[PDB]
Amino acid sequence: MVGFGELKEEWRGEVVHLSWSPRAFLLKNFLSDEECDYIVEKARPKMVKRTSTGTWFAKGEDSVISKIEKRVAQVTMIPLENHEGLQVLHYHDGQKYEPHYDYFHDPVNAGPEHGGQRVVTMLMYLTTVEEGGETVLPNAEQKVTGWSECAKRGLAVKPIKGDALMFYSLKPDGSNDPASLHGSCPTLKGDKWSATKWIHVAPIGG
Ligand SMILES: [Cl-]
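Residues numbered from 1 in each chain as written, not as in the entry; some residues may be left out. Heavy atoms only, no water.

For this entry, the PDB record names X-ray crystallography as the structure determination method and reports a resolution of 2.90 Å.

Below, the structure is given as structure tokens:
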């Protein structure tokens, strides 16, 4: 798992530019329904108990997920050596994640072995959630209003199965973008499964 993998059959779906601050895109149908289900089924027997339950897949652990990992590498244009594995979270019944940052809220804390600061987060929605559950970004320039109360606190994205949210947590010059602060709104009914892909500015392992 270095570089970008084979060029077949690169993803060519709709890309919606959501926001300048932070820099965020929604990728429509980034994953197939099959892929979403595959991940949930593989994750489930491994889950342990923000309050929700989570598990990890090592980068490249699994050939189905590896294909997605290569997809991510190619759409972001950032080589796989800069990527962590796949973290899968499951939420239900009020469960959530208070708005937070992905970067060290002091940048001297991310060293060469971690690959420096996290630059891109790609949030992959593995289920469509039913009520609430929006990803919220409170510090965003523009807020939604047309949507749980929680969501009206920033820019929000609805978790629709197969969509992915992609956003930058560093500014172009490499400084922290406090606009990338983000949380998961209470999920109100019934199941939020998401997978997170974090990508670093430099390669991990050094
Ligand atoms: Cl989220």
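From this point, the discussion proceeds with the structure in view.
So, about the packing of helix α1 (residues 33–43) against helix α2 (residues 63–76). Their axes nearest at 10 Å, the elements α1 and α2 cross at an angle of 125°. One way to sum up the angle between α1 and α2 is to call them oblique. For the element pair α1 and α2, the recorded crossing hand is left-handed. Seen from α1, the contacting residues are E35, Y38 and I39; seen from α2, they are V64, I65, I68 and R71. A per-class count over the contact of α1 with α2 returns 5 nonpolar, no polar and 2 charged. (Axes fitted to C-alpha atoms, helices over the stretch in contact; angles between N-to-C directions. Helix = DSSP H or I, 4+ residues; strand = E, 2+ residues; numbered from the N terminus. Parallel < 35°, antiparallel > 145°, perpendicular 65-115°, else oblique. Left-handed = near helix turned anticlockwise from the far one by under 90°. Contact = heavy atoms within 4.5 Å. Nonpolar A, V, L, I, M, F, W, Y, C, P; charged D, E, K, R; others polar.)

So, about the pattern of salt bridges. A side chain with one charge can pair with a side chain of the opposite charge if their charged atoms come near. This structure, assessed with the given rule, holds 9 salt bridges. In this structure, the salt-bridge partner of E41 is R44, at a minimum N-O distance of 3.1 Å. Accessibility expressed as a relative area gives 42% for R44, which makes it partly exposed. (Salt bridge = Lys/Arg side-chain N within 4 Å of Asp/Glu carboxyl O. Buried < 20%, exposed > 50% of the residue type's maximum accessible area, 1.4 Å probe, protein only.)

A few words now on α1. Those residues of α1 not exposed but buried are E35, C36, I39, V40 and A43. For α1, the arc enclosing every buried residue in end-on projection is 135°, short of the 170-degree limit, so these residues lie on one face. Lining the buried residues of α1 we find β3 (53–57), α2, β4 (86–91), β6 (118–125) and β13 (192–200). (Arc of directions from axis to C-beta.)

Turning next to the environment of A140. Inspection of the secondary structure assignment puts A140 in the loop between β8 (135–137) and β9 (155–157). On the basis of relative accessible area, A140 is assigned to the buried category, the value being 5%. Residues contacting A140, with those up to four places away along its chain left out, are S21, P22, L155 and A179.

Here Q74 shows up in helix α2. Here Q74 is in contact with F4, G5, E6, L7 and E10, once residues within four sequence places are set aside.

Here we come to the state of the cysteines. In this structure the tally under the stated criterion is 1 disulfide. A disulfide bridge connects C150 with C185, and the sulfur atoms are separated by 2.0 Å. Where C150 bonds to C185 through sulfur, the torsion about that S-S bond is close to -90°, and the disulfide is left-handed. A residue pair is termed long-range when its members are at least 10 positions apart, and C150 in the loop between β8 and β9 and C185 in the loop between β11 (182–184) and β12 (187–189) qualify at 35 residues. For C185, a relative accessible area of 0% translates into the label buried. (Disulfide = S-S within 2.5 Å.)

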